[PDB]
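What follows is a pair of forms of the same protein chain, given separately as structure tokens and numbered structure 1 and structure 2.
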Structure 1
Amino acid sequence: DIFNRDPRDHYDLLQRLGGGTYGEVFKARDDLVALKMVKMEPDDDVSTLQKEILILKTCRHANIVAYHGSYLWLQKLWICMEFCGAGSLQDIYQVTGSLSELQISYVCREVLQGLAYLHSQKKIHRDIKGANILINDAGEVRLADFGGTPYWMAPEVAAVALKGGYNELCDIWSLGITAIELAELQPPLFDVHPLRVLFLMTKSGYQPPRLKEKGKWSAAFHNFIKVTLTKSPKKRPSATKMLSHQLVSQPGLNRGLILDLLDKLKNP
């Protein structure tokens, strides 16, 4: 059901939230939602999204931003989703400064619960980072679902153009980098040219990154980083396995840690 009704018949529009990497997004009410709007242009064909649309509606979990349905009404696709009033962790840390280890430990647990669920549906997130971890005003954590010609490509080039070949354990690596990003306000190598990073990561002598200040963080955090950032995908622990890790299975982790962060945000 890709409705054609006009969003403005089910929802009142409240404030525009987008810009930057997020594009055009609206706060709205029925229950508060986000409406992301994409301008459909000439050769555009909604039916080519068919595949990546069913992947959304049937992916239902507390730690995954809920997808409520789409609209084409008038040259524009509108995706209606669970509203997260505080935006991304990147929106937040750009104001509050670095998260505490306990805040990061709660975020990691909630993300790993979401990743365990996506991996169970044979979905790979592919884009874990501060910008794609959303926070609601209750301090709860939700993973955001964003996203030349092929006419001459061999079918094996086409397969890679889509998939990659790699598997869901790439999300575990991205979570490690995100944990460092939440601690230090940038991923490792952020000041290094992207091409150079690709080449360096590609060497067999590449050292996985680390937390810069050793003394600031518990051995459990250093160990969480060391194991999430396992070079070999074959020895890298799963989401489910990572959720028994000391850092994320410690008691005291709850949304209070984030309500704190949100107080600090509006009272900086």
Structure 2
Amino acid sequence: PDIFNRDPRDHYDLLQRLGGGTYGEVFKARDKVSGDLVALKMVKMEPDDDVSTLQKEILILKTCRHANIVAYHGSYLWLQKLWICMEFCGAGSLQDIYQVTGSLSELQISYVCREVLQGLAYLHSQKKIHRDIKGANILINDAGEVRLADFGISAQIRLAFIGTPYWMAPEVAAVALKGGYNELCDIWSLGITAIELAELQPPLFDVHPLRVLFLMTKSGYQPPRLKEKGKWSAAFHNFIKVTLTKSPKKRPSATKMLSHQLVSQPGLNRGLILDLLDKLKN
């Protein structure tokens, strides 16, 4: 709730443009005073967007004290532009990384999964839902540590609804806000992410999005699998099988998944990502 009505250039020095997503650009910046490096996610706004509607989402991201959640430092509104300031992760997303390094090993994937689960267990304990688990939203810093990127803010500045809000029935409004989601949907997304990291794509990546969603509603839908059976351990395959449980009633929770063989095995540490980063330099 500390949204500063200041120019973030008073506190930070912009260094370079990391890129830009569906909305907004991301900058690498340095704090004037501490010299520390931060990430600034910028989002352009109209005189139509109201900022106070975001205050609940920014509360969510601010009151998140976990090692596997990227750190929030404040927000800045200035001249119709919104800036979210966060702890900087030098290596970027797993997707930035595997697009150069090629597929991850089972050990690297296992460690990432464990770390992601740790952050999810936390989030779900605070009754929050990430909603967008995927390789592009898992950040790696230069110490090989793993951070879930920001959530719940990007999808509310979705000027797109199947309908028009002022004319929406209450039941429609409810679904348009919640998305029918539940916490265990993060667990499914994690399973797909593990395949993504293993195969450089999520399943059905070469197929139109709408068709993919259609197919998931058919009576006899079959959850995706690892393509190459021989390449991966029985434990990995089972991890995939149980995270991609079709019914959300039978799908294991984050803390339950943390007890899984694949992520509770010894020897999982950031060293695994460190030689992944070394591979980046080769």
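Counting starts at 1 and follows the sequence of structure 1. Rigid core here is just the name for the largest C-alpha set that superposes within 1.5 Å across the two forms.
After superposing the rigid core, the C-alpha of residue 73 moves by 2 Å or more between structures 1 and 2.
Once the rigid core is used as the reference frame, the Cα position of residue 21 differs between structures 1 and 2 by 2 Å or more. Superposed on the core, the two forms differ at residue 39, whose C-alpha moves 2.1 Å between structures 1 and 2.
Once the rigid core is matched between structures 1 and 2, the CA atom of residue 7 is found 1.8 Å away.
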